[PDB]
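Visitor: Protein chains in written order, with the working numbering: chain D, 1 to 119; chain X, 1 to 121; chain E, 1 to 116; chain L, 1 to 119. Each residue gets a CB set at the ideal place from its N, CA and C atoms; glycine is no exception.
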Amino acid sequence: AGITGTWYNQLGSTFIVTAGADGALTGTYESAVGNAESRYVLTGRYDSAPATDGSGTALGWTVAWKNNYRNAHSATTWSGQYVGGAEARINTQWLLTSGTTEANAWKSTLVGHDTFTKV
Amino acid sequence: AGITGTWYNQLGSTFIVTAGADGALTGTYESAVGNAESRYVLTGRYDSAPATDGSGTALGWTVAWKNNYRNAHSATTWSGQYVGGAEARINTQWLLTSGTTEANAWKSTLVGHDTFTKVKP
Amino acid sequence: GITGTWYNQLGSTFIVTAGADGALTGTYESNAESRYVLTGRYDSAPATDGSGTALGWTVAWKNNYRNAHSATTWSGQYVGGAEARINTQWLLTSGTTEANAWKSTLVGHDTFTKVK
Amino acid sequence: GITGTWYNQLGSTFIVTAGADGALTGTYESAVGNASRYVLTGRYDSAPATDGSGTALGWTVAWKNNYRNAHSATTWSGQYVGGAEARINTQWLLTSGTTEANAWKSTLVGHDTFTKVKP
């Protein structure tokens, strides 16, 4: 599958993921420094039988920004595709929703994009 | 009362979820739309210690659209918050990315919004 | 069917003229201090098979009184009939430094109706 | 500033004029999709902050001209960042006209970055 291992985004974040035989993604999302206070559980899913026509492999995962040290009362989901090869990539778009009151719900969700590489 | 239970979105999809003590979301999703049949595995995360100021509970989950029956070569993530009340609700926005070639990647991702209630609309 | 006054789910008012050349022009009120210019485009020759009419518009949140240094775009479709609607999703980008650009853009949805 | 000819990462051409009143006007030529030139209109912050922040802006293209009509429209929302290599960084939504039953799949999302040099 080529997904299991450590990936790095464009802004100094790191995630270590295991892609299970059944389609499970499990691992940890952290900062470049990697101190315990920056590490969070991740969990998601991927297509364990992708097409063989040159298409990427669809996948997604979630991090809720609570660990044993802090809690931002928020969660990010990344949705994207893995592309293999010597320059392997995971290309994603993300949604970051914070817990808000109803009056503030209109501004609860940020959107962006992350590109992950193995180096 | 809480996240654990059976939920339905505005189109009649069925979201059966368990919120574990450790922050884990597990369960199954059955889609009323798209290249989908029967139940699919979901996993996700939620804030197990939300704020006490009246804010909702942040969460998210993923379905890869492969099961024993079909494989759409795609995955949806829902990102949102649970809001408790007399009519409990989970308000989400979602991204649905298909596996594509590089030339087609620009059109790989749909976006929308789903609202879930424990009462079927 | 697009020209006129529209109201979203949260008390904003959208006053628009749909011109023959595909232009959308008008004002968005989120009174004078709360009124902002809007411009956009719409499909002036939509299908007649039950499909909606695609459209989009932008408001930059500056007027003669205030400036939030931000802009919202709404992308969606007009649906005519007895309960006509404009169903949209939106992106709100603020001007930021590069270090804060990752959190520059909010996303959401607005539904507009011809009655409050 | 914003006025000029820009190119996205896929080779589309964005010819824009930023007027004194906050107006954006011009033409867009897409290197992608069911698309020659199309009219665009939008708005920008004509008095940005003076603290190093970018200039917020957005614009719309309806994909109808004298030669094709895709029954769809794209909005780009983003900010202009000046400097040695000026750049406009955007996220976009592309909505097609659909029936109600197909409305759930009416909107595509992505991100475009524009420079004054072709990719």
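1. Rounding to the nearest angstrom, what Cα-Cα distance links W63 of chain L and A31 of chain L in this structure?
2. Just to confirm before moving on: does the CB-CB distance between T57 of chain D and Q81 of chain D stay below 7 Å?
3. Do you know offhand how far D53 of chain X's Cα is from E102 of chain D's?
4. So, helix, strand or coil for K107 of chain D, using DSSP?
5. Can you pull the chain D neighbours of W78 of chain X, defined as C-beta to C-beta under 8 Å?
6. On the DSSP letters alone, give me the boundaries of the beta strand (DSSP E) that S79 of chain X sits inside.
7. Just to confirm before moving on: does the CB-CB distance between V63 of chain X and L95 of chain X stay below 7 Å?
8. Using a beta-carbon distance cut-off of less than 9 Å, what residues from the stretch 80-106 of chain X approach chain D?
9. Can the beta-carbon of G56 of chain E be found less than 7 Å from the beta-carbon of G40 of chain E?
10. Contact criterion: CB-CB distance below 7 Å. Does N67 of chain E meet it with respect to chain L?
11. Return the residues of the stretch 35-59 of chain X that lie within a Cβ-Cβ distance of less than 7 Å from chain C, sorted by chain order.
12. Does DSSP put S98 of chain D in a helix, a strand or coil?
13. Which word fits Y38 of chain L, buried or exposed, when buried means at least 16 other C-beta atoms lie within 10 angstroms of its C-beta?
14. Are the CB atoms of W76 of chain L and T98 of chain L nearer to each other than 7 Å?
15. Across which residues does DSSP place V16 of chain L in a beta bridge pair?
16. Based on the DSSP output, what are the partners of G40 of chain E in its beta bridges?
17. Any beta-carbon of chain L closer than 7 Å to the one on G19 of chain E?
18. To the nearest angstrom, report how far apart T5 of chain E and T13 of chain E are at their CA atoms.
19. Let me see if you follow: with CB-CB separation under 7 Å, is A64 of chain X close to chain D or not?
20. Under 8 Å by Cβ, that's how I've got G27 of chain D and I16 of chain D pegged, so tell me the actual separation to the nearest angstrom.
21. Of the choices X:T4, X:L25 and X:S38, whose alpha-carbon is the least far from that of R70 of chain X?
22. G11 of chain L touches chain X at which residues, Cβ-Cβ below 7 Å?
23. Nearer than 6 Å: is that true of the beta carbon of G26 of chain L relative to any heavy atom of the ligand SAM?
24. In whole angstroms, what is the alpha-carbon distance linking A51 of chain D and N104 of chain X?
25. Using CA atoms only, rank isn't needed, just tell me which of E:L24, E:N31, E:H69 and E:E29 is closest to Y44 of chain L.
26. Taking Cβ-Cβ distances shorter than 7 Å, what residues in chain D pair up with residue 125 of chain X?
27. Distance cutoff 7 Å, beta carbons only. Does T113 of chain E sit that close to anything in chain D?
28. Given this structure, state the Cα-to-Cα distance separating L24 of chain L from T17 of chain L, to the nearest angstrom.
29. With burial defined as no fewer than 16 other Cβ atoms inside 10 Å of the residue's Cβ, what is the status of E30 of chain D: buried or exposed?
30. What residues in its chain sit with their C-beta under 8 Å from that of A73 of chain L, if we drop five residues either side in the sequence?
31. Chain E beta carbons: is any one of them nearer than 7 Å to that of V33 of chain D?
32. Enumerate in chain order the residues of its own chain whose CB-to-CB distance from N67 of chain D is below 6 Å, with the five nearest sequence positions on each side excluded.
33. Do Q9 of chain L and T107 of chain L have their C-beta atoms closer together than 7 Å?
34. Just list the residues that DSSP pairs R39 of chain D with in beta bridges.
Guide: Quick answer:
1. 13 Å
2. yes
3. 12 Å
4. helix
5. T77
6. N71 to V83
7. no
8. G80, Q81, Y82, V83, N91, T92, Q93, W94, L95, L96, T97, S98, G99, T100, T101, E102, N104 and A105
9. yes
10. yes
11. Here the protein chains are D, X, E and L, and chain C is not one of them.
12. strand
13. buried
14. no
15. L:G4 and L:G26
16. E:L24 and E:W57
17. no
18. 7 Å
19. yes
20. 5 Å
21. X:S38
22. Here the premise fails: no neighbours, minimum Cβ distance about 11 Å.
23. The ligand SAM is absent from the structure shown, which contains no ligand whatsoever.
24. 14 Å
25. E:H69
26. Examination of residue 125 of chain X is not possible in this model, given that chain X is present from 1 through 121 alone.
27. no
28. 6 Å
29. buried
30. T60, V61, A62, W63, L94 and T95
31. no
32. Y40
33. no
34. DSSP lists no partner for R39 of chain D.
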